[PDB]
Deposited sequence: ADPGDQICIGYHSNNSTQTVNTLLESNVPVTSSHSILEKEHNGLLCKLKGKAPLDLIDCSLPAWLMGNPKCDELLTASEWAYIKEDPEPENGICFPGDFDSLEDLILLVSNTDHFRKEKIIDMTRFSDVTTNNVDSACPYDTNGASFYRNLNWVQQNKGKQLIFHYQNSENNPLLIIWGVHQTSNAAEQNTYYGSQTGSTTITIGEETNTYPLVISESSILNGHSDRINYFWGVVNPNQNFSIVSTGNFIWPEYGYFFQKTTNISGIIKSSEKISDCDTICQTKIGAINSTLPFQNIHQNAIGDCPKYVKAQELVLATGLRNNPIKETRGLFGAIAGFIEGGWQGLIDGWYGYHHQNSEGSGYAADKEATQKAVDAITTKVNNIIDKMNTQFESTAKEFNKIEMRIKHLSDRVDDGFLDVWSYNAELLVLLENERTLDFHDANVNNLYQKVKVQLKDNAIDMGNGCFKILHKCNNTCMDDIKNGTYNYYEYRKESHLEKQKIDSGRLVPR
């Protein structure tokens, strides 16, 4: 008896997937949508180099700690890379005001250029470019921040200065305010019990009255110099009126703001010669997969952070391999050139044949599904600027629970997406196999006995042309009716 069977592809794969309904289902192929790779690399971001602060803190670098390299040429950077514990920080003790807000402005810049803003020689009856042993060039020297000019010996005299930004870029300036320890120290340094400074930027007034007060000794100092900064926009002016206790913004930085705030990547590692679309402090996430379980904080074009161990989409078929029987009893290791197909038996021989059209149709559909799940993750620029000052822990906690909130959303949704889609993909394969089965069944009608195992017992001699017609949907029922009827009669007696 000639036979034609419907069946599907099996293989040697050990891969499994989970669905909403079933766990650890063996499948012929699958595809991960979760980026998990740790490489520990620090790279350029979208072809743009980071600023390597070496062993200096950002304030130390900005203010020009003598132990920190000077910015000689116009530069740019995608993010800032800083050591977790810089050797060279603020050398003369004092607070650096609003560092977090400053980071927002300079984390990603397109032009960045140091320029002399003030001719310090224009002031009379004072000393300039003063130095201190707390800020040495190297072992035992005495120097100071390059950009910040410590003026002394005011003797209560008022210095007046005005500046106009006639360039096309905003100007970043940083200055210092000297808090002396006692009246004696105040006299030694300035020769008067006065020393207040008002610095005005645009319409904004900043006034620093003389403060004399003892503090604990840090780096050989019971006194402090507190640091502040401001931005002078194109065509804006700034002015200074000082009677003492002031560290002048002799040098400043012209810079061009960017739209995408990155932040500071804190790492001991050095910058490698590599490029990534997404960067973290423990490595690059150089991947367009929609999810990652590598790190909560990152910068650039990044997958969503989730806590999943894996997210594997089924793509292939249930891997349940079995005259040969058909799809009802399992898959065919022997069907090697497609997903769904046929096996035939007649006088001329036997063999497997793939349904190329049905296979390709399903391939396009599953590929479209996976690509949709991946490509629809079109994200906002990811930032790592998530710091607040030390008296703002409540805000940092809000920042933390915001990220916890999104973490729980993406984790749950990604996890359920995978389980649901895997269930459907497997049903989709079954529906496709059943369709080939039905297409054969309705062609043969009562010219065949449905064996119930995915195969048909044909009630007439069916040569290779006949087999091809069934597989091609061009089988003529009437052409074989008579022969089929005669064979059926014999069956109806035996």
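Map the modelled residues onto the deposited sequence and report the uncovered stretches in sequence order.
Several stretches lack coordinates - namely 1-3, 326-333, 506-510, in sequence order.
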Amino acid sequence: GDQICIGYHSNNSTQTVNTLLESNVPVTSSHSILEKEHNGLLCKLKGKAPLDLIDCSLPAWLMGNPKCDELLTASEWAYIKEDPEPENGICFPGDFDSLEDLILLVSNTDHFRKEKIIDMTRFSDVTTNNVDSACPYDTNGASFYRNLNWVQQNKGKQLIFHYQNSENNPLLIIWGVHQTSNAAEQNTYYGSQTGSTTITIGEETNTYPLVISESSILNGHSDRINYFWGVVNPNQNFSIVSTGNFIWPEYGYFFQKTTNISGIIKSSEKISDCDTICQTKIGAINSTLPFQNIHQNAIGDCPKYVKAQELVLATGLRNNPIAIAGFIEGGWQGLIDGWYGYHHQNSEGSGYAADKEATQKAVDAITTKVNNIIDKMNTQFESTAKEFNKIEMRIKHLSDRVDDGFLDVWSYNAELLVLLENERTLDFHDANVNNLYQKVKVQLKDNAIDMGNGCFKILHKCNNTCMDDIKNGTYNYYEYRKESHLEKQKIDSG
From here on, numbers count along this sequence of modelled residues.
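Take the C-alpha B-factors listed in the entry for 329-337 and for 414-422, compute each mean, and give the stretch with the larger one.
It is 329-337.
Which has higher Cα B-factors on average according to the PDB entry: 179-187 or 196-204?
Mean CA B-factor is higher for 179-187.
Tell me which of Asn372, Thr280, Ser98, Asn286 tops the list for C-alpha B factor in the record.
Result of the comparison over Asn372, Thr280, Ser98, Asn286: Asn286.
Please pick out which of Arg401, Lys307, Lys386, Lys81 has the largest Cα B-factor as recorded in the entry.
Highest C-alpha B-factor among the listed options: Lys81.
Ranked by Cα temperature factor within the chain, is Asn432 in the lowest third, the middle third or the highest third?
Tercile = lowest for this residue's CA B-factor.
Please say which third, lowest, middle or highest, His162 falls into when its CA temperature factor is compared across its chain.
Middle third - that is where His162 ends up once the chain's C-alpha B-factors are sorted.
What third of its chain's C-alpha B-factors does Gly64 belong to: lowest, middle or highest?
Middle third - that is where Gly64 ends up once the chain's C-alpha B-factors are sorted.
Going by what the PDB entry lists, where does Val27 fall on CA B-factor within its chain: lowest, middle or highest third?
Bottom third by C-alpha B-factor.
Pull the Cα B-factor of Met451 out of the PDB entry and bin it into the chain's lowest, middle or highest third.
Middle third.
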